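Protein chains in written order, with the numbering used here: chain A, 973 to 1186; chain B, 43 to 269.
What follows is a set of notes on a single structure, which appears directly below.
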Amino acid sequence: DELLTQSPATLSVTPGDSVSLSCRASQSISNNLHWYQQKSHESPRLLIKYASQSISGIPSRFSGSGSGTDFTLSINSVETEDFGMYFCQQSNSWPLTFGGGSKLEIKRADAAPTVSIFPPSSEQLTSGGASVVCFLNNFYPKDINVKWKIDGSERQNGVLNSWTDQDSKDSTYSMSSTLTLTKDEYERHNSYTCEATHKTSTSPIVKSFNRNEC
Amino acid sequence: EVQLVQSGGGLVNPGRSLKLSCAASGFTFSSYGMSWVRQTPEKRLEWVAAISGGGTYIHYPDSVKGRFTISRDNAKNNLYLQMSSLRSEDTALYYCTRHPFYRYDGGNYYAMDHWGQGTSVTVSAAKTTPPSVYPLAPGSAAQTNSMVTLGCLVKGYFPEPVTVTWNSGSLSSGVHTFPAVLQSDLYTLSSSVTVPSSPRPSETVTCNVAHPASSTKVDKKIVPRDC
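Listed below in structure tokens is the structure:
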């Protein structure tokens, strides 16, 4: 069983910068190393055949180098079309094995989220439940901290977060944060707050609503 | 040409069985070796079975040996994977892939130069439950702009996936679909859409959800109202 160890695992690049991805092998395997590219929501693609020999319709910008335990894929200028995951695979010996993957990300300027908060639907309310939702839209970098506060005190219990992958249009990330309460506990508190702490500011961005209606 | 298309993926209990197919086209099939490869949720790629241009010389990794059987029909140009003794860990996307022209040049290697779209296979005891669709309208109180954001929560369903469109596919730009998160055997997904704050209640915004597994379909008007 060959172990292919890929470095780096994560890596952010400025469109423009050359990058080097390493694929180490626990054993020999001479030229029997191949490299695949997988874009977001797409299937893997063959790039480099036997760690030097490319396929075709691929830029010249991609170079495969190596023999023995260490093989490297060079990407001379990084372009937006180029970000996704990169995998190495060894055919030398069955069982064919792959390496963990090298995720590439587009380093762009920092960007503040636009947050909007949503109280439970009146439709939801019949079913005895209340979901309060906050969207944290188009921010960069990905690391954002979101806290729920009910009448001022932090609520940990019942929260489910979801981050999107990096956008192809502008390199941003997005995030949904959901707090789920029962209609009963919901009809007993007044204020719902969602606070986002991002690099971009020293003060937590906060969006709130007061229960009330008609 | 050289198109591979998988079918047959779905929800299976641990221990049950599933049979996947891969249709080839754009090539002379009997001249090529093919393989099955699975992508796992944590995005890893693992090889699970190889099969020659003529049948014989089936190869498996130690993990699959005994539960899966790789077959082909060189006539009907179809690759198969018969899975049995399924267990949770087999949950993943299966891809059929083909290997370069196979010659007796005294043993050589095997790259995968063409890949399928994948079929998803989920091993779970959780039961199919369709979603609940709730409209997320904003409070007509005191937003900040020319644009208003709207959403839809798809909650309490199993298994994945669900399809969510805005205005039947019309409303394309300013859409953010967030990846489903599984909790207490049901997934929850959200979708948001940003439109100009003029076409507000005036023009109707509807989110279209379909959950094929439950053969369920909901159309939920939101109109950016006064709550």
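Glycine included, C-beta positions come from ideal geometry on N, C-alpha and C.
Residue range of the beta strand (DSSP E) that includes residue i
| i | result |
| --- | --- |
| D1042(A) | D1042 to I1047 |
| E1126(A) | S1125 to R1127 |
| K262(B) | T258 to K263 |
| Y199(B) | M189 to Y199 |
| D268(B) | It is not in any beta strand (DSSP E) - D268(B) carries neither H nor E in the DSSP assignment. |
| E1167(A) | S1163 to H1170 |
| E88(B) | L87 to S94 |
| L62(B) | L60 to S67 |
| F1034(A) | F1034 to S1039 |
Contact with chain B by residue i, beta-carbon distance below 8 Å
| i | result |
| --- | --- |
| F1059(A) | yes |
| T1052(A) | no |
| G1124(A) | no |
| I1030(A) | no |
| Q1096(A) | yes |
| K1021(A) | yes |
| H1013(A) | no |
| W1066(A) | yes |
| residue 964(A) | Missing from the structure shown is residue 964(A); chain A here goes from 973 to 1186 and no further. |
| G1038(A) | no |
Boundaries of the alpha helix (DSSP H) in which residue i is found, first to last residue
| i | result |
| --- | --- |
| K1179(A) | Counting along the chain, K1179(A) falls outside any alpha helix (DSSP H), though it belongs to the beta strand (DSSP E) covering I1177 to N1182. |
| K169(B) | Run containing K169(B): none; DSSP gives neither H nor E here. |
| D115(B) | Segment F110 to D115 is the beta strand (DSSP E) holding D115(B); no alpha helix (DSSP H) there. |
| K1155(A) | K1155 to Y1158 |
Nearest residue (CA-CA) to residue i, options the options
| i | options | result |
| --- | --- | --- |
| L1151(A) | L195(B), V217(B) and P241(B) | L195(B) |
| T186(B) | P238(B), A91(B) and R140(B) | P238(B) |
| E1014(A) | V985(A), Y1058(A), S990(A) and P987(A) | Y1058(A) |
| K85(B) | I1030(A), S1026(A), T1086(A) and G1073(A) | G1073(A) |
| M125(B) | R267(B), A252(B) and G52(B) | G52(B) |
| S234(B) | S1146(A), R1160(A) and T1098(A) | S1146(A) |
| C1060(A) | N1182(A), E1159(A), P1031(A) and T1069(A) | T1069(A) |
| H141(B) | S182(B), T170(B) and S94(B) | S94(B) |
| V204(B) | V223(B), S214(B) and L192(B) | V223(B) |
| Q1138(A) | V206(B), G181(B) and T219(B) | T219(B) |
| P1067(A) | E1077(A), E1051(A), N1162(A) and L976(A) | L976(A) |
C-beta neighbour in chain A for residue i, strict 8 Å
| i | result |
| --- | --- |
| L87(B) | yes |
| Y99(B) | no |
| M76(B) | no |
| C138(B) | no |
| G57(B) | no |
| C269(B) | yes |
| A153(B) | yes |
| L213(B) | no |
| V223(B) | yes |
Whether residue i touches residue j by CB criterion (8 Å)
| i | j | result |
| --- | --- | --- |
| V106(B) | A91(B) | yes |
| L178(B) | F1090(A) | yes |
| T161(B) | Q81(B) | no |
| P201(B) | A134(B) | no |
| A153(B) | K1021(A) | yes |
| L87(B) | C64(B) | no |
| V247(B) | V260(B) | no |
| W157(B) | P1092(A) | no |
Residue i: CB within 7 Å of a non-hydrogen atom of the ligand SAM
| i | result |
| --- | --- |
| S67(B) | Among the components of this structure there are no ligands whatsoever, and the ligand SAM is therefore not found. |
Handout entry: At least three beta-carbon pairs within less than 8 Å, the stretch 65-74 of chain B to the stretch 116-124 of chain B
Key = yes
Problem - Stretch pair the stretch 1083-1097 of chain A + the stretch 146-166 of chain B: three plus CB contacts closer than 8 Å - result: no
Handout entry: the stretch 991-1001 of chain A in contact with the stretch 1027-1041 of chain A per 3-pair CB rule at 8 Å
Key = yes
Practice task
Answer yes if the stretch 1112-1127 of chain A comes into contact with the stretch 1169-1183 of chain A, meaning at least three C-beta pairs across the two stretches below 8 Å, and no otherwise.
Solution key: yes
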